[PDB]
Structures are given as structure tokens and as C-alpha cells.
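Let me begin by presenting the structure, written as C-alpha cells, before commenting on it.
Protein chains: 4
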Amino acid sequence: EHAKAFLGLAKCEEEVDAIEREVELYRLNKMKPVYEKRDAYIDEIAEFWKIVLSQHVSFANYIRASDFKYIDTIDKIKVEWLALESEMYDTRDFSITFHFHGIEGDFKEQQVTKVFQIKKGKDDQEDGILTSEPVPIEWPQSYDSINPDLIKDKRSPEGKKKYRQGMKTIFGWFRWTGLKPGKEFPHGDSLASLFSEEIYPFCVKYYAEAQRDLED
Amino acid sequence: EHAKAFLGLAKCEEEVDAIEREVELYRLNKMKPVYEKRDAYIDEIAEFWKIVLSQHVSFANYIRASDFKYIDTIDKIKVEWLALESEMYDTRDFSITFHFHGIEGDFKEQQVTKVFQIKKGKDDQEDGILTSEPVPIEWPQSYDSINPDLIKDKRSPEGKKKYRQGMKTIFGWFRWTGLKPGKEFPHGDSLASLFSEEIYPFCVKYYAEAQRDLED
Amino acid sequence: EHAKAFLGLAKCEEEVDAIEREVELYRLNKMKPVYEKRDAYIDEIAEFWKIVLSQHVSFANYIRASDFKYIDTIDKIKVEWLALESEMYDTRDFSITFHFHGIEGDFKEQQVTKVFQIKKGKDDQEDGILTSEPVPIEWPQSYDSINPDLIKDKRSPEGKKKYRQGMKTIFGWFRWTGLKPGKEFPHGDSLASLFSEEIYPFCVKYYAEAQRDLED
Amino acid sequence: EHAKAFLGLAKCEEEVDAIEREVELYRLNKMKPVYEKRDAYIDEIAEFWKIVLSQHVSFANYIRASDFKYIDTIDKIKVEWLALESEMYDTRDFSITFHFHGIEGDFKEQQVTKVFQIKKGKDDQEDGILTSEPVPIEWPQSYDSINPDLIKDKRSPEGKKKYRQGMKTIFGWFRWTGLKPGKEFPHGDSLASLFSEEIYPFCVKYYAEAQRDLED
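Residue numbers (the entry's author numbering), protein chains in the order written: chain D, 10 to 225; chain D', 10 to 225; chain C, 10 to 225; chain C', 10 to 225. A prime marks a further copy of an entry chain.
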């Protein structure tokens, strides 16, 4: 009845995995209402996101300094976890919504939402990896020369170069999917994790740290 | 009403911290019953712990190979989380219970339990650190020469050396407290964490890995 | 006897330290002529440095992406080791010389050299740490608002902020000394090491890697 | 022109590689005589190696604490670099010689030397990796049950287990070659590097540190 034991143990492991999911759902449910309250207070501080995003340590490593002109117009960010809507979603799946104030003559005021979900390929310990769907955004006027929608050739030496430059901008990240390795915005996956795991949850601590450095 | 906002945010952080604790209690409560069931099956495999303990990668780094003779007689381990009994305990606080089969003429069959709880010293980010109380154990006959209870001098060059050698054995770990840095069993705290965070929860995975290496 | 031995060993360590210096001098002397030859070939490839600097992995982490506009105009870099000129210099001491092509009406074409030398503070094991002297540079026109030489106040909340922003640019690095911890360009020392230990010696390997990726 | 330049740079890299070898030979030649002098003084301190080997931080991670009984009898270690004898040897190639005092009726007093040399497999960047030849050693009497030369079966479940246990002892390391990955003493290569790069060169610093702790 070592047999019975082994069979029993295998089933217990499965129950452990089920428990971890139940625990995570509990956490996400309880946190949802507090995030909504927090977000409401955030809306009362006009320059909040601009400050936080410029303060983060590694965020800046992902995007050309050129983009910051536009990143500075972000005045709202909201993350929502998809597993709260349906149990068919992995606990790590989420949507992220940005609002931009825009810039006269260059960049339209607009709201955009992107969705990220996990998938597995089997083969290798792989807990599974993030994927996303491209989502439309109206690019800044000045980015017309590296806009993939305006470049006619993108197959010529010059066109190919312009194309790759655009895909390396923040706007190229919006059409990231994780399904064409080496052909999309680099590390779109790690950027997404930065948001769900660091930036959205601890933004206030980042803001405080930034306002602290104003004094010394 | 940035003021109101800031005050509101500070309170929300506090609620976050409360939620994390509530989440942890939920996890520990749900897991308790599964651990009891698992443990029951473990009891049916006589050499389980001996195998697991010899299999772990880093456990061996903590104790003289000499001790393994006695570690091999362990036939039962149980961890219990104190926060389940009272909310005055930190979520990380726990008791650990060992049973030894013993060895004829050298080591008595016996059961011992040690308790670990967190404390903070303030000063430094310190999430707080583990502490424990010494607990009595009957040492193996052959360890008489480095037994702190039998060494008369322990202040002479020879006595001091014998004393330090005994405190570096597994049995010296049992009187570890974490309150006399540099004078007790080295890294008693990290060893304790090995048990609560790795060895007890994932013992089955370690056992399987060990039985897997039997084949190649 | 044991005495004699210990004195002998102490002297041998001293001889080891002397040998390490002798070995380093040999390396630097033999390398000097090859660097000069190599540099001559480098001068024939106009966009060399621009490409290499944009290619390095961690260089970008040190400076605002804004600065790259100007970093891209660097068309010459030369490192020389001061220990070759005098034995009073530590083997690690060096001068670094930059030439910038400039940008009409924003940034003047110019050549600048900075010197770095080791010093010790004693106590802490410290092999000793880098120091430098501030060296004058004509800042880009567009950097006028965060130029420490043009800010009148720099003590008001706005002036202090503008001042700190300028000191965090590449140009602020040029007045780094390592003598006012926390008040100068962050990690000026690690940046200097990047140049002497990685960028200058292995630039060609970085360039190749960059040209390798340009098609992919 | 550009052609000429590229050919010139390729040749300069080759010269760099040649220089590194020349520098290394210089270092090894100058150090040889100091090591001989130092070793002579080391021979006058009977318990030197025992203390040093028990003191090293990570050495212990490689071998069963059981082996220390025998490691404690080492009273002499000598490393020599083969590149000093012939230029056909890589700078990293070396021989290592141990002398053991032995233990009456368990372990014979004896001297053993092993040789390590680099080889390349091509493709993977591989600077090339260490290889060695098995060298005969008379095993301790008590290790008879896991001695590969005494196990008759080593193909039965018990024999296979005994065999693998022996190959994981320090004595199994002596027949390591690096030519049968996963079937020989684990990480024999990293252990060899520990000796040539850390233990032999800095033994004195380790000894001092150990004598420093002996009072604390």
C-alpha cells in the first residue's frame, strides 16, 4: 500500500496547485476594491504618472529618450486582472489601459487598452510566457518617417532601417504579441511584467521616493 | 484636497498590508488539512526522511558529515504555523518537531520540538529576523567530548576548542536562539528557513528526484 | 624557526605584489603600440564610435536617452595609461580623450580630455578608488536651462531641481571628481571603468556584433 | 581602403591574442621561483593544509563531509604550470601533486599527481575546457564497499548505487577526465580551477583568516 500512498501523494500535489490558485483569486478579489479607491485619489494629482514614470530606474532602458515627450502626457493608468472575470484565464492575465493628454499639432488625446495572457509551448520547464494582440494607436505626427503604416518599401535598405526604428519605439510595443521572436519590440514581455508586478502596485512608493529626492 | 488624498493614500497602504496578512492566513488554513493528509502517507514510507535529507543540495553544507549517522535515524518531521493558533504571531512563525529512531548504545529514541518566531530591532529595513529558544536533547554518547554540558573548563585552550566544536554540530543548533551573534551554531536562521520554505513543502519533489537518479 | 618562516612568507607576499605590478607594466607597454596602430585604422571608419556606443548593453543605463543626440557626434576616443609615463602613477590610472563633431548652432566641435587616478582612504579593505578633476566643456545650447553655469539660483526649489538635472547628464559627468559622494554625477567611477576595461579594449568586438545584428 | 583597414584590424586582434600569451608566460616564469621559496616555508608548518582546506568557503560543497577525515592528512600540495616546460601547452595547463600522511590500517601514506589540460570541441564559443587522465590511488579501507575496483556487479540495483556513491567521493574525482559528461565525479573541472586559481595562490590569506577566527 506504498502504491496507494504514491497515488494519494500525486493527488495531494494536484490539490496544492488548486489551493495556490484559490489563494491568488482571494488576493485579487480583496485587492480590486482597494485599487479602485486608490486610483480615485491618484486622479486628483495631475502630474502623478509623469513623475512616477520618469522616476523608475529601469523603465527608461526600454525606450528612446525621444518617446518621453509623449510618455509625459500620460495622465491615467489602470490594470485589471482577467482571472476575476473568468476562471478560464490564468491568474497572471491582465489588461492595461492608458490615457494620454496629447500635444497640439503632434499627438491626439486618446485612451488605449492592451491585453496580455499566458500561453505554454510544452518543452522545457516553461511556466508559460506572455502573449498579446496588437492594438491600434494614432502615432505622433513627427514619427511619420518611422511609422510602419506609412513606409512604402520597408524592404529597401532605407525602408528596412526606418521600419526597425519604428518598431523599437513605445508605439511599436503596442503591436507586440510575443509570437514573432526577433521581429517585434524587444522585451515587450518584461516591460509588461514591470507594469503588473512593479509599477502599478508600488507607484506610490516610487512617487514618494521621487518627492523625497526633491529635498536632500 | 491633495491633503485629503495623501492622508487617504497612507491609509490605503495600511489596508494593503492588512490584506496581505489575511491572504496568508487563508493560505495557511487551507493548506493545514492537506499537510495532515500528506504526512499520514509519508509515515508509510520508512526511509523517506533519511533519503530526502541526504538528497538535498545544500543541507549537507551546514553540518559535519559525522552527524549524518544520526540524521539518518530521523523518521518523522512536522511543521506547524503558529499564526493559526493566535493572531499575535507573525505569519512566518512556526514549530518543528523531529522524531529519531535512535541507535543502540549511542543515541536514544526521542522526539524534540523547537520554536521559531520573528522579531525586529528597528534600524534598518529589517523585515525582522528569526529567534528561537534552546531546547533540551540527549546527545549521542560518542559526542561526550564536545558536549557543552560535560566539558568542565571550556575556558582553557582545549576546553574552548572542544566547546566550539560541539556548538557547530546539529545538536548545537538546538540551543541556537539568534540572540548571541558569533557565539552560536552558524546560520541557525537560514537552516530554519530551509525547513519551512523548502524541505517540508517540497520534500516529495526531492524524494522523486532522488529516486529518479537511482535509474539513469 | 617558525618566526623565520613567518617573516619569510610576509616578504614573499610583498614580492608577489611587486611582480603583479611588473607584469602589468609589461602588458601595458606591449599593448600601447598595437592600440596606436588599431586607432589609426579606426579613424578611417567615420561612424564607428556612434555605432559602438549605441550597441553597448549597459552604457545606456548611465545617461538620459536625450544625451545620445550628442554622443552620436563622437568620432574619436583615445585612452592612455599614465603609469607608462611615470612609476608614481598606479597601473590603473588613465586619461581619456574625446572628440565631438558637433551640431551647427547647438554643439561646438571640440576635443576634451579627463584624467582618472586611484586614491585610498584607508581602514576599509579598499584597494583604493578612482578620483578625477573637473574639466571644462561647452554645453549644448539646448541644455542652457540645466546648465550649472547659467542657473542663477540653484537654491530655490526650481533652481535646485534644474541644477540636479544638469549634473545627471553626461556633461555633469565631466565635472565628476569622486570627492563629494551623493552630490555628483551618479557612478562616475563605474562609467570610467566601463571605458578603460570594456569599451576601449573590446570596441571592435562590439562593432562586429552590431553589424551582425543589422541584417539578422 | 576600407578593405585594407579591415584586414589590418583582423591582424591586430591576432597580435593581441599573441600578447596575452606572452604576458601570461612572463607572469608564470617570474612567479615560479617565488612559489618554490614560499612552499619551502609552508613545509615547516605541519597543520597548514589541514587548516586551509577546512577554512575555504566552497571547497566543502564538493565532497562528502566523510572525506574530510582523509583530506585532513594532506601535508603537501604543489601546482606546476605545464606551459613553462613546453609552448605546446596552453597557459592554463597544470599538474597538481598531493601528499597524504595516511591513517594506520585505513589509509596509506602516499603521493599522487594529476594532470589537467585544455581542449576545444569547436562550434560553441568555448575557449576550451579542462580534461584529465585517471590516476591510480589506494583507497581507504573503509571505502571498500563503494570502491569501483571491488564492486563485482555495479549493474545490479545495489551495485549501481554503490558504484555511483564511490564516484562521488574525492577518490572518484581522481579518475575524472571530463570526457564522459554526467558519468563522472560532478564538476571535477570547477574543482581543479579552485586549486589553480584560488587555493594554491591565496592559501596564506585563507590561513591567516582562519587563525584570525580561532580566538574571535
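All C-beta atoms in this analysis are idealised placements derived from N, C-alpha and C, irrespective of residue type, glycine included.
Query                                                                                                                 : Result
Contact under 8 Å by Cβ, residue 128(C') with residue 138(C')                                                         : yes
Interface residues of the stretch 73-88 of chain D facing chain C [CB-CB below 9 Å]                                   : 73, 74, 75, 76, 77
Which of helix, strand or coil DSSP assigns to residue 48(D')                                                         : helix
Heavy atom of the ligand ZN within 7 Å of residue 97(C) beta-carbon                                                   : In the structure on display, the ligand ZN does not appear, and there are no ligands present to speak of.
Proximal residues to residue 136(D') (C-beta, below 7 Å), its chain only, five neighbours per side dropped            : none
Cβ pair residue 93(D'), residue 41(D') closer than 8 Å                                                                : yes
Nearest candidate by alpha-carbon position, reference residue 105(D), set 221(D), 150(D), 126(D)                      : 126(D)
Contact residues within the stretch 185-217 of chain D', judged by C-beta distance below 7 Å to chain C'              : 191
Proximity to residue 213(C) [Cα-Cα], best of 61(C), 175(C), 196(C), 176(C)                                            : 61(C)
Coil, strand or helix - residue 13(C) by DSSP                                                                         : helix
Whole beta strand (DSSP E) elements within the stretch 61-137 of chain C, 3-residue minimum                           : 83-90, 103-109, 119-128
Chain C within 8 Å of residue 70(D), Cβ atoms only                                                                    : yes
Within-8 Å CB hit, residue 101(C) to chain C'                                                                         : no
Neighbour-count burial assignment, residue 116(D), 16 or more Cβ in a 10 Å radius                                     : buried
Under 9 Å by beta carbon: chain C' residues contacting residue 62(D')                                                 : Those within 9 Å of residue 62(D') in chain C' number zero; the least Cβ separation is about 13 Å.
Sequence-distant residues of the same chain with beta carbon closer than 7 Å to residue 76(D), five excluded per side : 178, 179
C-beta contact flag for residue 209(C) and residue 54(C) at 8 Å                                                       : no
Within chain C, the residues that residue 46(C') reaches when beta carbons sit closer than 7 Å                        : 21
Burial state of residue 189(D') (16 or more Cβ within 10 Å)                                                           : exposed
Rounded Cβ spacing between residue 119(D) and residue 109(D) (contact assumed at less than 8 Å)                       : 6 Å
Reference residue 195(C), options 66(C), 181(C), 101(C), closest by Cα                                                : 181(C)
Cβ-based contacts, 9 Å cut-off: residues of the stretch 98-123 of chain C' near chain D'                              : none
Proximal residues of chain C, C-beta to C-beta of residue 66(C') below 9 Å                                            : The contacting residues do not exist; residue 66(C') stays about 17 Å from chain C at best.
Run of the alpha helix (DSSP H) containing residue 217(C), from where it starts to where it stops                     : 209-222
Proximity below 8 Å, CB of residue 171(D) to CB of residue 155(D)                                                     : yes
CA nearest to the CA of residue 69(C), picked from 223(C), 221(C), 199(C), 51(C)                                      : 199(C)
is_contact[residue 34(D), chain D'] using C-beta, thresh 8 Å                                                          : no
Whether residue 25(C') touches residue 43(C) by CB criterion (8 Å)                                                    : yes
Where residue 139(D) sits in the DSSP three-state scheme                                                              : strand
Whole-angstrom distance between residue 57(C) and residue 216(C), CA atom to CA atom                                  : 7 Å
Residues within the stretch 161-187 of chain D neighbouring chain D', beta-carbon criterion of under 8 Å              : none
Residue burial classification, residue 141(C) (beta-carbon count within 10 angstroms, cutoff 16)                      : buried
N- and C-terminal bounds of the alpha helix (DSSP H) containing residue 198(D')                                       : 197-202
Pairwise C-alpha distance: residue 158(D') and residue 145(D')                                                        : 11 Å
Contacts that residue 25(C) makes with chain C' (C-beta to C-beta distance below 8 Å)                                 : 40, 43
Of the residues 183(D), 97(D), 28(D), 147(D), the one placed nearest residue 36(D'), counting alpha carbons only      : 28(D)
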